[PDB]
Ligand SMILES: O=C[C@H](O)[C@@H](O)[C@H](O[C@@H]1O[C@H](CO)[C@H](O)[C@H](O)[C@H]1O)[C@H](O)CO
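For reference, the chain that follows is the form solved without this ligand, supplied as structure tokens.
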């Protein structure tokens, strides 16, 4: 961490981002970002932000340097000291977040999916693997 998977050909409907790792014992929060470029502060088609400290999972986007309106999933299917598996699945309509074996949240596209060019995973997380199919 901070992880960085470049996506020069972008991502299309039917793309699966598979993220496996450990939330370490003193973790505050971590994030998975689908970014439109490599510059610092690049627009984000999806910002996925489990907050162990506040017991929420936040979803948002960023454009022109300005954040959108946050969406929240139900509860927090993550725990300090426990490993996790997250799927982020691109459809034509948005991103499906799967945590464990349960569909967790659907985030409607706000930026065109064709803008995505990079996946960034950072924060308080010890990554096992990041794979993009």
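Positions refer to the first chain, counted from 1.
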Going by the B-factors listed in the PDB entry, is the mean over the C-alpha atoms higher for 10 to 18 or for 116 to 124?
-> 10 to 18
With reference to the PDB entry, specify whether the mean Cα temperature factor is higher for 21 to 29 or for 106 to 114.
-> 106 to 114
In the PDB entry, which of 49, 66, 55, 82 has its C-alpha at the highest B-factor?
-> 66
Going by the recorded CA B-factors, say which third of the chain residue 44 sits in, lowest, middle or highest.
-> lowest
With respect to C-alpha B-factor, does residue 90 fall in the lowest, middle or highest third of the chain as deposited?
-> highest
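The next section is about a form of this same protein that is not shown, the form deposited with this ligand bound.
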Quick one: which of 34 to 42, 54 to 62, 85 to 93, 100 to 108 gets within 4.5 Å of this ligand in the entry with it bound, going by heavy atoms?
-> 54 to 62
Are any of the heavy atoms in residue 80 no more than 4.5 Å from a heavy atom of this ligand in the entry with it bound?
-> no
Within 4.5 Å of this ligand in the entry with it bound, which residues of 41 to 70 have a heavy atom? Give them in sequence order, or say none.
-> 47, 49, 51, 58, 60, 67, 70
